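Scroll down for the structure; my scribbles are underneath it.
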DNA sequence: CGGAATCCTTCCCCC
DNA sequence: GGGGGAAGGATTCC
Ligand SMILES: Nc1nc2c(ncn2[C@H]2C[C@H](O)[C@@H](COP(=O)(O)OP(=O)(O)OP(=O)(O)O)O2)c(=O)[nH]1
Ligand SMILES: [Ca+2]
Ligand SMILES: [Ca+2]
């Protein structure tokens, strides 16, 4: 069992560089402008020249401009990066039929039925980086190990423009060595629950009654962690498919006025519908981010698919429900369609 | 900002 | 008691 994970590098900013090489060498910040005030928004990603000063995905655009007033600030163009990504996925399909496209910039490849050992996995590594570099001008990091989790961990160590193998004898040392927060699927909230249990390394999950662990972090995440620490995790590479599609926009002002919120909501539906392209949902959820940034949703499943006119009027009922059931002003409003026929 | 998956918890109907 | 859903939220990741 040999897994090869590819993670493109600083992907949105790099696509922006490829499309305008005069940017190379500069710090580049791809931005999501919310539109409220000048430079309201967040940073979607930054290249390494900007990242080394603390500019990174998550921080407000206004914060990045204090740090790096003279960086280049580009608005996010998802559709472009999506096409460039689709193209790259096609290159990887030629190295395995068993391919799992995990996100816009990450894929796993099952190269058992191609390569015989780590030495050859590695070479396939350079072949692939070099192909993508030649054909699309994009640098990627490659991680290789015996399962998907360690393949990813590998790339994270090796990025950017890296390649790295984590072999069976190293898996074993990491299970002891590796900080459990650095395991994929463990965010701040789970890492904290684990400290309180005394777990700071994968291996520690063996010192705990399964039922205490299960009760603290859920059964699913408990099994996941235990199987990992037992050198036994072994999920297969599977083609996955969109289960939902939606759009949330930010309003100019916060509001509780139905007539004020409706147009943003309609525009969210319009765009969601465009994005569905020949796919029909039986579920609709209306999603609202309140002023103190909590997220309240209200949904409805139909026994048939949902036409646009239906989605329009049903979404208004769901928005009225939210307003009736939650006292705060609304900041961001949108829709999500799911359960495709 | 934004997009999305997966999971957990509660509730519900009902054999 | 437990199968079988749906709803709404928690949490995660890019
Ligand atoms: N709008 C938005 N987009 C994000 C965010 N995080 C990641 N992305 C998008 C843009 C990124 O270029 C792309 C890839 O995610 P990554 O976590 O792998 O970041 P990055 O491209 O910098 O990877 P890298 O560290 O260079 O290997 O997905 C985010 O918080 N907001
Ligand atoms: Ca990336
Ligand atoms: Ca981490």
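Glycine is treated like the rest: Cβ placed from N, Cα and C.
The annotation active site is assigned in Swiss-Prot to A:106. What Swiss-Prot lists as Mg(2+) binding site is A:7, A:105. Taken from Swiss-Prot, the feature domain 'UmuC' applies to A:3-187. Among the features that Swiss-Prot reports, site 'Substrate discrimination' is placed at A:12.
The secondary structure of residue A:7 (Mg(2+) binding site), as reduced to three states from DSSP, is extended strand. Across the structure, residue A:12 (site 'Substrate discrimination') and residue A:105 (Mg(2+) binding site) place their CA atoms 9 angstrom apart.
A 10 Å cutoff on Cβ-Cβ distances gives residue A:12 (site 'Substrate discrimination') a total of 26 other Cβ atoms nearby, all chains included. Annotation note: residue A:105 (Mg(2+) binding site) sits in a coil segment as assigned by DSSP.
Among the recorded positions A:7, A:105, A:106, the residue whose Cβ has the fewest other Cβ atoms within 10 Å is A:106. Taking the C-alpha positions, the distance from residue A:7 (Mg(2+) binding site) to residue A:106 (active site) comes to 5 Å.
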